[PDB]
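Listed here are the chains, written in short residue letters.
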Amino acid sequence: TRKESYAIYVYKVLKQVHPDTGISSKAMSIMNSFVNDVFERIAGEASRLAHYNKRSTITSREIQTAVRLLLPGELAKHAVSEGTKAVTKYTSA
Amino acid sequence: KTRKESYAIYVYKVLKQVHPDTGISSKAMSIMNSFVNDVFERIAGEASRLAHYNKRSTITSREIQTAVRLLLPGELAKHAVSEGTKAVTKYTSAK
Amino acid sequence: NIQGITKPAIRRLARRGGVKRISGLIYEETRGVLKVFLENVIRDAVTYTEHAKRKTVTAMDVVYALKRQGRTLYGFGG
Amino acid sequence: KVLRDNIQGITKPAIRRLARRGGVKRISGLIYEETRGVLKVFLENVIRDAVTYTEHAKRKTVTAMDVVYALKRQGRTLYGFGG
Amino acid sequence: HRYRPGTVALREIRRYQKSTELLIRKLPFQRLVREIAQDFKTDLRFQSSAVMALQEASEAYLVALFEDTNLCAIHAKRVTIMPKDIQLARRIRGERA
Amino acid sequence: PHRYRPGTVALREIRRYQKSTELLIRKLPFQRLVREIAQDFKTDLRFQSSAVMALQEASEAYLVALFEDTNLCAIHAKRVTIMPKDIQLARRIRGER
Amino acid sequence: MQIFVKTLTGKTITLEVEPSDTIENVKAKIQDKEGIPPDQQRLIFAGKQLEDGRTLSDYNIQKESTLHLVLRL
Amino acid sequence: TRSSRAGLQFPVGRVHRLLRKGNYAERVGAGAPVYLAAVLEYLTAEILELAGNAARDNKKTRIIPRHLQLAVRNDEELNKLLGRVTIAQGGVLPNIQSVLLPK
Amino acid sequence: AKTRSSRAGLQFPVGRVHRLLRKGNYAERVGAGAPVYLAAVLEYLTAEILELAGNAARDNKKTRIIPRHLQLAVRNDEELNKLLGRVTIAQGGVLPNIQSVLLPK
DNA sequence: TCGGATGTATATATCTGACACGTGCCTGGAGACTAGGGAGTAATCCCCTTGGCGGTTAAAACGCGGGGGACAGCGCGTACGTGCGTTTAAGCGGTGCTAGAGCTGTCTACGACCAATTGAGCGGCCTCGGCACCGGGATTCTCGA
DNA sequence: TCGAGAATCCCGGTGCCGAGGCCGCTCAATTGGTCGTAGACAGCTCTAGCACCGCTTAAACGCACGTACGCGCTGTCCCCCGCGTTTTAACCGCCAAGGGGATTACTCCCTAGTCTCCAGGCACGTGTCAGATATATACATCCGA
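Residues numbered from 1 in each chain as written, not as in the entry; some residues may be left out. Chains lettered and ligands numbered in written order. Heavy atoms only, no water.

For chain D, the name recorded in the PDB entry is Histone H4, with Xenopus laevis as its organism. The annotation that UniProt attaches to chain D under Sequence similarities is "Belongs to the histone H4 family." (UniProt positions renumbered as here; feature names shortened; annotations may be inferred.)

Structure follows, in structure tokens:
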């Protein structure tokens, strides 16, 4: 049956960054595993913190603090800047 | 006046059952509270992860048995398994 | 301020481990190591209490920050 | 069917090559035997986990994905085989 | 009289291994903690129990590190600890890069 | 009859083996060892090829890391050749049993 | 009559002597057969120290005795 | 009740409620809490028995955290289980390396 | 448009992340801004990794990325080594380093 | 200190199988609407933190004599690196086969929700003897002999 | 060895506060019942894991030979260690002030849930050119002079 993956999106990001480069299947599996692991870590930590503060729902602030706790400084602030930019762009329209 | 629940009474009951004439300090009681909570959280998390990994939405006694067999070393694992199955059989025998 | 960790205190701490003949600049080395460790744990606790929307650091924040680093501590309600 | 005397299958030159990957220059006479023990213990852990997973799935074939789970439990996550 | 070097050290080792109390004075540690936390946020208040927990954690970590340092020092056929032993132990532990 | 000085071919092999990426241990002996080990826990088990491949990769990585730490300890101990005591010291410091 | 002497290295020395053998004489014997200069030796028999002008029998030293020496430096 | 039906000391209803409210699964079985309570009771009984014996050795009638630390560190399986946790006011096992001792 | 991903101008799917978060049993009720934030973070990290890997492959005059390039890119960046200190990747290899005094005089 | 020899980086043809791309179709995602419960907001209490003063005494700081430890130079003999011929089992490659993994239908017992009820567990009070502190003597090492 | 000087453990008396117990109360666990579906069971098909045999050759094994390194011995120089005197600030006890952590009541609007529609992404299929293989050459480097 169907087997979900992260193919088209990673390929699109690669095309956006480097216009004339290609990658093999093993690198594809490695990137898929890396994305899944990062997703699992961030989501688990955010949910844990949300129940830690006795709150019954998860919101953008929880993920912001999870990113601040997980990633070290410089790329953490880069990622939070990207996230805020995306959030305001989405809510504007 | 918040109703903060704990495990003090049950630990005291177990201690009196095992050792008749012995007392316990408050710090030891807090230590036991923390230890029991940590072990409970570990076992429950591992069992839930395994149940979700086998794409089943119901957590039963078998998942708990497998999690116990995973986390604890050999001798304690076998003793805990024996105690658990004995308790389950005793509970299901009556009604 | 960091000087406040007195040399005889470091000597006692090492004597608990069981060292016999202390020598050199292990005092300065220990001070640096302690500073780094405190910096990390304090940053984690401060982030926790920042999200909590409070102004007083509590024991739960420190216990939980220690829990994150795989250094669980027993005996403070955590 | 019973199997025996497989530990000796890890030949000495292969161990020398593995050491040479890590950056070693000289090798003592007595190290090899010692190493042949340590590796064994490693395997004796991870397989013990993997089989248990196959016990819970009610199967008879050990799957690589179970090995990935077992390696993940010990905090040595591995990438390249899914999950 | 006079004692030969190496006996009072052993007596202190036994005495401190037998006991269970802290060895760093409370006030300088509290001042250091407040000064360190001053940088990350201004006008912060600390409960006493948090400082106590931090003190205990620091003591345990330092004791373990000194244990490993002693092991390395006796390994190279010496008796005195020097900083290179601390660096080696920290590097093998996987803490330092 | 030319004869290279000791340590030259060793360095050349060092560079060669750090340059490449393929695995080192052969296939059939490793497969037989894995089957023999798994026989004890439960009889009549069948293995997938990718499982054996992953086990081999993990084992090689772990062994290489251990050898690197052993070399670090040996060079600290003012020697050039590694000895088993260095291996057990590295294992002890890592926190393994 | 023969005596055994115990050193700090765990080696026992067997020496033939007589009760008239003064401490000068026995110390000379140790120096001759072992090469140790006389000024480096202290002797204890039955827990007592001795003065060089005396003789062996003054400390009730019998045969087969065990006398301990200490090196002083 | 339900603890009486199984001859347990730890509560069963509390464990059931914690499992249900702990967002572990959509539904829970009727046998899991009994098993978990039995395991917890066994572990705490072992720890308490060891700690009480250690306190008996020192000729005291009340358990203080040092007794718990000694009981945990002396056993080897229990030490393996609690490998990465520190106990407040615990202490250190009294060992000394062989070389350091005087000749 | 219609898709939520185009609304935020992102490439990673928003609806898929929302569904995974809802069905992953993390909280009883999930917010509405969380998927956008998470997708942005994932996109940034993937872009960084891919750019570093592409540069590493460029240095070796090969137009295709193999796992060795990913290993070199990850291990040559200090922070990225920090984030993945307990992760191994197949066929990666090791960094070419040699101790000082080991070298011939 | 050179010079012969050897391993290595580079230039070049080439053929293949893995990678990039077009197609059809199926299911999960988007649009419009409801409703109700969780979260933000305002006001009040009183509890724990901050701040400071006095004193006392224990610990900290400083200086000195010396001996035991760290480190460098030297000799040795033994264990390991390198080369070569012989022996051996890993690896490639086609063939048979079936046990066992994976998907499909069924129906059934097991668990979620809900109304009524009552007693098990928690907050508050009080009481005492096991443990902390102090004074005293027997015991056991430890340095100079 | 050994004997005297301290350091330490064992013994006995005294006082005080934390633990063990008792009492009163409130909300969560029990009981009885209905209704829906997660999964156990039985069956069917199709793949890949096991066993097999033959041929090739690259890899492993055993043996000589030589020399560089681990190890023990020795000598020197100096850096902490034990001890006594002067200096200081930690801690205990006490008192004042007040900020904000914790509750309680009220209001609103944000997300789960419903249905209907349709287009994004999946397996399938196919063509082709980037890299591995094999070959040939010039450059860098190493050990005897």
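### Let's talk about the overall build of chain I
A count of helical and extended segments in chain I gives five helices and three strands. In chain I, the order of α-helices and β-strands from amino to carboxyl end is α-α-β-α-β-α-α-β. The principal-axis extents of the C-alpha atoms in chain I amount to approximately 65 × 30 × 20 Å. Counting over 105 residues, chain I shows a buried share of 43%. Pairs at least 24 apart in sequence give 30% of the contacts found in chain I among residues at least 6 apart. Accessible area of chain I: about 5,900 Å², with a carbon and sulfur share of 50%. Averaging the coordinates of the 17 positive side-chain charges in chain I and doing the same for the 8 negative ones gives two points 10 Å apart. (Helix = DSSP H or I, 4+ residues; strand = E, 2+ residues; numbered from the N terminus. Buried < 20%, exposed > 50% of the residue type's maximum accessible area, 1.4 Å probe, protein only. Contact = heavy atoms within 4.5 Å. Areas by Shrake-Rupley, 256 points an atom, 1.4 Å probe, with all protein chains shown as cover. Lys, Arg positive; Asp, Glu negative; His and termini not counted. Charge placed at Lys NZ, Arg CZ, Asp CG, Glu CD.)

### Focus: the protein's contact with DNA strand K
In the vicinity of DNA strand K, 59 residues are found, and the nearest of them are B:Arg56, C:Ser23, G:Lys6, H:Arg2 and H:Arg17. A share of 97% of the atoms of DNA strand K within 4 Å of the protein falls on sugar and phosphate groups. Within the contact set of DNA strand K, a phosphate oxygen lies 3.5 Å away from a backbone nitrogen or oxygen of C:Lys55. A distance of 2.4 Å separates a sugar or linking oxygen of DNA strand K from a polar side-chain atom of G:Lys6. Mapped by element, the contributors of at least two residues to the surface near DNA strand K are helix 1 (7–17) of chain A, strand 1 (23–24) of chain B, strand 1 (21–22) of chain C, helix 1 (12–22) of chain D, helix 1 (8–18) and helix 2 (26–40) of chain E, strand 1 (46–47) of chain F together with strand 1 (29–30) of chain I. Its residues assigned to classes, the surface near DNA strand K comprises 14 nonpolar, 19 polar and 26 charged. (Near = heavy atom within 4 Å. Polar contact = N/O pair within 3.5 Å; in protein donor to acceptor, adjacent residues only side chain to side chain. Nonpolar A, V, L, I, M, F, W, Y, C, P; charged D, E, K, R; others polar.)

### So, the packing of aromatic side chains
Describing an aromatic ring pair means giving the distance of the ring centres and the angle of the ring planes. Overall, the coordinates contain 11 aromatic pairs over all chains when judged by the stated rule. On the numbers, 6.0 Å between centres and 40° between planes, the contact of A:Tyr6 with I:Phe12 is tilted. Here the residue A:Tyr6 occupies a position in the segment before helix 1, and I:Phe12 occupies one in the loop between helix 1 (4–8) and helix 2 (14–23), the pair thus bridging two chains. Across the pair, I:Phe12 and A:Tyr6 agree in class, each one buried. Chaining the aromatic ring pairs together yields one cluster made of A:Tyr6, A:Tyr9 and I:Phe12. (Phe/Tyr/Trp six-rings, centres within 6.5 Å; stacked < 30°, edge-to-face > 60°.)

### Observations concerning the pattern of salt bridges
Counting across every chain of the model gives 27 salt bridges over all chains. Between D:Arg36 and D:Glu33 there is a salt bridge whose closest N-O contact spans 4.0 Å. Here D:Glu33 and D:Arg36 lie together in helix 2 (residues 31–56), a separation of three residues that amounts to about one turn. Exposure remark for D:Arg36: the relative accessible area of 15% places this residue in the buried category. Classification of D:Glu33 by relative accessible area gives exposed; the value is 55%. Each of A:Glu45, A:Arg48, C:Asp44 and C:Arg68 takes part in a single network of salt bridges with overlapping partners. (Salt bridge = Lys/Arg side-chain N within 4 Å of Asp/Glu carboxyl O.)

### A look at the interface of chain F and chain D
Between chain F and chain D, the contact holds 49 residues from the first and 47 residues from the second. Roughly 4,900 Å² is buried in total at the junction of chain F and chain D, and carbon and sulfur atoms are behind 73% of that figure. A per-residue breakdown of the area chain F buries against chain D is headed by F:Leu24, F:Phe41 and F:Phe67, which together make up 12% of the total. For the interface between chain F and chain D, the tally reads two salt bridges. In terms of residue count, helix 3 (residues 49–76) of chain F provides more of the side of chain F that touches chain D than any other element does, 14 residues in total. Split into classes, the residues belonging to the side of chain F that touches chain D amount to 27 nonpolar, 11 polar and 11 charged. The sheet contact formed by strand 2 (residues 61–62) of chain D and strand 1 of chain F spans two bridges and is parallel. Across the sheet, D:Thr61 pairs through a bridge with F:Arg46, a residue of strand 1 of chain F. (Buried area = accessible area lost by both parts, 1.4 Å probe. Pairing = 2+ DSSP bridges.)

### Observations regarding helix 2 of chain I
Residue and element names in this part refer to chain I. All buried positions along helix 2 are accounted for by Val14, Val17, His18 and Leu21. Down the axis, helix 2 shows its buried residues gathered within 100° of arc, on one side only. A positive phi of about 60° marks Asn25, the residue just after helix 2. (Arc of directions from axis to C-beta.)

### Brief notes about the protein's contact with DNA strand J
Around DNA strand J, the surrounding shell holds 66 residues, and the nearest of these are A:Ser56, B:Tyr10, D:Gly29, E:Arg25 and G:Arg42. Backbone atoms, meaning sugar and phosphate, form 93% of the atoms of DNA strand J found within 4 Å of the protein. Within the backbone of I:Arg4, one N or O atom sits 3.5 Å away from a phosphate oxygen of DNA strand J. Listing elements by their share of the surface near DNA strand J, those giving two or more residues are strand 1 (22–23) of chain A, helix 1 (8–18) of chain B, helix 1 (7–17) of chain C, strand 1 (26–27) of chain D, strand 1 (45–46) of chain E, helix 1 (8–19) and helix 2 (28–41) of chain F together with strand 1 (27–28) of chain H. Per-element accounting of the surface near DNA strand J gives the leading share, five residues, to helix 1 of chain F. Residues belonging to the surface near DNA strand J are distributed by class as follows: 17 nonpolar, 18 polar and 31 charged.

### Some words on the packing of helix 2 of chain F against helix 3 of chain F
Residue and element names in this part refer to chain F. Axis separation between helix 2 and helix 3 bottoms out at 11 Å; the angle between their running directions is 100°. Comparing the axis directions of helix 2 and helix 3 gives the class roughly perpendicular. For the pair formed by helix 2 and helix 3, the contact residues are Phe30, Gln31 and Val34 on the first element and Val52, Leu55, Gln56 and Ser59 on the second. Of the residues assigned to the contact of helix 2 with helix 3, the class counts are four nonpolar, three polar and no charged. (Axes fitted to C-alpha atoms, helices over the stretch in contact; angles between N-to-C directions. Parallel < 35°, antiparallel > 145°, perpendicular 65-115°, else oblique.)

### Topic: the side chain of D:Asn6
Positionally, D:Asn6 belongs in the segment before helix 1. Among residues more than four places away in sequence, those in contact with D:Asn6 are F:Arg32, F:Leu33 and F:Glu36.

### Some remarks on the arrangement of the chains
With respect to C-alpha atoms, chain C approaches chain G no nearer than 25 Å, and the pair has no contact. In this structure chain D stays clear of chain H, and the shortest span between their C-alpha atoms is 14 Å.

### Some points on the side chain of F:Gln56
Residue and element names in this part refer to chain F. Within the fold, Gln56 resides in helix 3. Residue class for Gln56 comes out buried when judged on its relative accessible area of 1%. Ignoring anything within four residues of it in the chain, the contact list for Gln56 reads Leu23, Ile25, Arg26 and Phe30.

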